[PDB]
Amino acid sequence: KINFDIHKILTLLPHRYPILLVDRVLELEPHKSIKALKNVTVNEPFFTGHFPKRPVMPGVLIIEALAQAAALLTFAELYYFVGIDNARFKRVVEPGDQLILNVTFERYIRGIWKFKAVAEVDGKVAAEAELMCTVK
């Protein structure tokens, strides 16, 4: 089980501020599954407008985080979203949460990858979804 840091991540993904959303890889079973982390703090650029009176992590960004972990899983050992399916959001995610990013490989069919993805906060499920991706 491979474990690596934000420095290794930078060499693997083209994503940068303000939309690189994986801080750390905790466990990685190459080409099979990955456990990554995404710290959530009030000091991130979107919180100021989502929402002014009350900070809420945009759910589309939890999906983005997961798809970035999916990409680490692919690239480890540019990225493009092809499909999102069965996305369910089950908790408002806020400043202070750590966002465990669990993603498993499912299939590859002609340059499209299907992944199963779950984001947890404190053992509970915050969101889940099936992601489909391609590189170019």
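Numbering starts at 1 and runs along the sequence shown.
Query - Between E77 and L78 - deposited residues without coordinates, as a size class - result: The entry leaves 4 to 9 residues without coordinates here.
Query - Stretch with the greater mean C-alpha B-factor as recorded in the entry, comparing 29-37 against 44-52 - result: Per the deposited B-factors, the answer is 29-37.
Requested in this report: State which stretch shows the higher mean Cα B factor in the entry: 19-27 or 109-117.
Outcome: Higher mean C-alpha B-factor: 109-117.
Query raised in the report: So among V92, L73, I84, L61, who wins on Cα B-factor in the entry?
Result: Reading the PDB entry, the winner on C-alpha B-factor is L73.
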